[PDB]
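Chemist: Contents of upload12.pdb (PDB, C-alpha atoms) are below:
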```pdb
ATOM      1  CA  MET B   1      45.671 -16.760  55.343
ATOM      2  CA  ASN B   2      44.122 -17.555  51.973
ATOM      3  CA  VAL B   3      44.414 -20.896  50.175
ATOM      4  CA  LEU B   4      46.205 -20.527  46.856
ATOM      5  CA  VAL B   5      44.919 -22.158  43.669
ATOM      6  CA  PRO B   6      46.825 -23.021  40.459
ATOM      7  CA  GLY B   7      46.869 -20.314  37.820
ATOM      8  CA  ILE B   8      48.489 -19.388  34.536
ATOM      9  CA  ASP B   9      50.769 -17.009  36.465
ATOM     10  CA  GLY B  10      51.529 -19.536  39.231
ATOM     11  CA  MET B  11      49.787 -19.931  42.581
ATOM     12  CA  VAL B  12      47.168 -17.226  43.179
ATOM     13  CA  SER B  13      44.160 -16.609  45.419
ATOM     14  CA  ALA B  14      40.676 -16.989  43.936
ATOM     15  CA  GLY B  15      37.282 -15.615  44.890
ATOM     16  CA  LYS B  16      33.698 -15.151  43.763
ATOM     17  CA  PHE B  17      31.424 -12.250  42.884
ATOM     18  CA  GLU B  18      27.751 -11.862  43.832
ATOM     19  CA  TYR B  19      24.986 -12.937  41.476
ATOM     20  CA  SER B  20      23.872 -10.173  39.100
ATOM     21  CA  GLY B  21      21.026 -11.691  37.080
ATOM     22  CA  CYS B  22      21.522  -9.699  33.857
ATOM     23  CA  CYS B  23      22.532 -12.605  31.598
ATOM     24  CA  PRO B  24      20.599 -13.004  28.330
ATOM     25  CA  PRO B  25      19.119 -16.484  27.881
ATOM     26  CA  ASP B  26      21.538 -18.958  26.318
ATOM     27  CA  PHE B  27      20.923 -21.717  23.771
ATOM     28  CA  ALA B  28      20.011 -24.037  26.647
ATOM     29  CA  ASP B  29      16.865 -22.164  27.689
ATOM     30  CA  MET B  30      15.424 -22.239  24.166
ATOM     31  CA  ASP B  31      13.046 -25.149  23.571
ATOM     32  CA  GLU B  32      10.586 -26.178  20.878
ATOM     33  CA  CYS B  33       7.683 -25.936  23.328
ATOM     34  CA  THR B  34       9.000 -22.514  24.357
ATOM     35  CA  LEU B  35       8.373 -20.801  21.018
ATOM     36  CA  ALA B  36       6.280 -23.230  18.949
ATOM     37  CA  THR B  37       3.109 -21.944  20.621
ATOM     38  CA  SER B  38       4.558 -18.425  20.916
ATOM     39  CA  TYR B  39       3.966 -17.323  17.311
ATOM     40  CA  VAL B  40       0.227 -17.843  17.783
ATOM     41  CA  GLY B  41       0.531 -14.336  19.243
ATOM     42  CA  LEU B  42       1.831 -12.814  15.993
ATOM     43  CA  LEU B  43      -1.542 -13.214  14.263
ATOM     44  CA  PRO B  44      -4.212 -10.485  14.246
ATOM     45  CA  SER B  45      -7.201 -10.391  16.606
ATOM     46  CA  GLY B  46     -10.890 -10.653  15.805
ATOM     47  CA  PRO B  47     -13.898 -12.971  15.616
ATOM     48  CA  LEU B  48     -12.126 -15.020  12.923
ATOM     49  CA  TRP B  49      -9.118 -15.836  15.144
ATOM     50  CA  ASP B  50     -10.261 -15.756  18.783
ATOM     51  CA  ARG B  51     -11.604 -19.313  18.890
ATOM     52  CA  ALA B  52      -8.767 -20.740  16.792
ATOM     53  CA  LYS B  53      -6.042 -19.071  18.858
ATOM     54  CA  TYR B  54      -7.642 -20.245  22.112
ATOM     55  CA  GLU B  55      -7.782 -23.929  21.104
ATOM     56  CA  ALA B  56      -4.070 -24.167  20.227
ATOM     57  CA  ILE B  57      -2.390 -27.256  21.689
ATOM     58  CA  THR B  58       1.080 -28.721  21.261
TER      59      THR B  58
ATOM     60  CA  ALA D   5     -22.609 -15.617  19.688
ATOM     61  CA  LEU D   6     -18.847 -15.289  20.179
ATOM     62  CA  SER D   7     -17.699 -15.744  23.768
ATOM     63  CA  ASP D   8     -14.258 -14.136  23.395
ATOM     64  CA  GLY D   9     -15.346 -11.574  20.788
ATOM     65  CA  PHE D  10     -16.285  -7.938  21.210
ATOM     66  CA  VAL D  11     -19.476  -6.719  22.877
ATOM     67  CA  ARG D  12     -21.573  -4.628  20.535
ATOM     68  CA  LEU D  13     -21.726  -6.617  17.273
ATOM     69  CA  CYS D  14     -22.284 -10.225  16.200
ATOM     70  CA  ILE D  15     -22.244 -10.688  12.428
ATOM     71  CA  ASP D  16     -23.484 -14.273  12.056
ATOM     72  CA  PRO D  17     -23.284 -14.666   8.253
ATOM     73  CA  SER D  18     -25.449 -17.131   6.366
ATOM     74  CA  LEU D  19     -24.146 -20.480   5.152
ATOM     75  CA  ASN D  20     -24.659 -20.037   1.392
ATOM     76  CA  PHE D  21     -24.738 -17.134  -1.071
ATOM     77  CA  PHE D  22     -27.288 -16.668  -3.867
ATOM     78  CA  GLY D  23     -30.721 -15.169  -4.453
ATOM     79  CA  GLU D  24     -32.647 -17.637  -6.641
ATOM     80  CA  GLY D  25     -35.155 -14.903  -7.406
ATOM     81  CA  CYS D  26     -35.907 -16.555 -10.759
ATOM     82  CA  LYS D  27     -35.838 -20.166 -11.923
ATOM     83  CA  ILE D  28     -35.240 -21.975 -15.214
ATOM     84  CA  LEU D  29     -36.314 -25.514 -16.125
ATOM     85  CA  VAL D  30     -34.445 -27.614 -18.700
ATOM     86  CA  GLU D  31     -36.136 -30.720 -20.108
ATOM     87  CA  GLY D  32     -34.497 -33.430 -22.173
ATOM     88  CA  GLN D  33     -33.540 -37.077 -22.477
ATOM     89  CA  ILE D  34     -30.872 -39.023 -20.594
ATOM     90  CA  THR D  35     -28.988 -42.300 -21.028
ATOM     91  CA  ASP D  36     -28.891 -45.553 -19.078
ATOM     92  CA  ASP D  37     -25.828 -44.570 -17.040
ATOM     93  CA  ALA D  38     -27.692 -41.652 -15.447
ATOM     94  CA  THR D  39     -28.483 -42.059 -11.749
ATOM     95  CA  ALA D  40     -31.104 -39.306 -11.477
ATOM     96  CA  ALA D  41     -34.708 -40.443 -11.150
ATOM     97  CA  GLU D  42     -36.896 -39.987 -14.214
ATOM     98  CA  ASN D  43     -39.840 -37.582 -14.341
ATOM     99  CA  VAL D  44     -38.844 -35.931 -11.042
ATOM    100  CA  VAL D  45     -37.749 -32.294 -10.951
ATOM    101  CA  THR D  46     -34.380 -31.843  -9.245
ATOM    102  CA  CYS D  47     -32.076 -28.890  -8.652
ATOM    103  CA  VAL D  48     -28.718 -28.572 -10.423
ATOM    104  CA  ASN D  49     -25.725 -27.117  -8.577
ATOM    105  CA  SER D  50     -22.690 -26.965 -10.881
ATOM    106  CA  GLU D  51     -20.972 -28.666 -13.799
ATOM    107  CA  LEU D  52     -18.831 -30.769 -11.450
ATOM    108  CA  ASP D  53     -21.963 -32.742 -10.525
ATOM    109  CA  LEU D  54     -22.983 -33.478 -14.137
ATOM    110  CA  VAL D  55     -22.259 -36.590 -16.239
ATOM    111  CA  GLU D  56     -22.913 -38.916 -13.305
TER     112      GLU D  56
END
```
Before anything else, please render the file you have as structure tokens.
Modeler:
Amino acid sequence: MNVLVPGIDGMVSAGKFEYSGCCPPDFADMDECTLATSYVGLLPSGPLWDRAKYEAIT
Amino acid sequence: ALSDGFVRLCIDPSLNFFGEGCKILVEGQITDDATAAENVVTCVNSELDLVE
């Protein structure tokens, strides 16, 4: 038979689901490197920005 | 010549901006503190460069 585990309602039987993969990223995934260079993509595009946006380092 | 730019156009503007189609010469005396050489015509840019 199953192996019972402690629970708020006494001894019950536990189990697991199967991985879904639809979890939004949590605080942990966010990093300064992650988005510090990201906003370089919010600027417009043209001859005045192409070189500058390409040479961005962090 | 922009490598990552668009194909058909390349503006390439000039470094400065003025026409100097006509010229004016101002002659006068200076003081000891002046660094400019005497009796040699030189071009004047702006008031920020004066005094010295």
Chemist: Can you list what the PyMOL selection byres ((chain B) within 10 of (chain D)) grabs from this structure, as a ChimeraX atom specification?
Modeler: /B:45-51,54
Chemist: In Å, rounded to a single decimal, give me how far atom CA of residue D:53 is from atom CA of residue D:37.
Modeler: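 Calculated distance between atom CA of residue D:37 and atom CA of residue D:53 is 14.0 Å.
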Chemist: Tell me, in Å to one decimal, how far atom CA of residue B:41 is from atom CA of residue B:23.
Modeler: 25.3 Å
Chemist: Using the chain letters and residue numbers of this document, give as an mmCIF file with C-alpha atoms, in the coordinates of the input the residues selected by the PyMOL selection byres ((chain B and resi 13) around 8).
Modeler:
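For reference, expr.cif as written:
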```
data_model
loop_
_atom_site.group_PDB
_atom_site.id
_atom_site.type_symbol
_atom_site.label_atom_id
_atom_site.label_comp_id
_atom_site.auth_asym_id
_atom_site.auth_seq_id
_atom_site.Cartn_x
_atom_site.Cartn_y
_atom_site.Cartn_z
ATOM 1 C CA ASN B 2 44.122 -17.555 51.973
ATOM 2 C CA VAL B 3 44.414 -20.896 50.175
ATOM 3 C CA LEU B 4 46.205 -20.527 46.856
ATOM 4 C CA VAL B 5 44.919 -22.158 43.669
ATOM 5 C CA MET B 11 49.787 -19.931 42.581
ATOM 6 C CA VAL B 12 47.168 -17.226 43.179
ATOM 7 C CA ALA B 14 40.676 -16.989 43.936
ATOM 8 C CA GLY B 15 37.282 -15.615 44.890
#
```
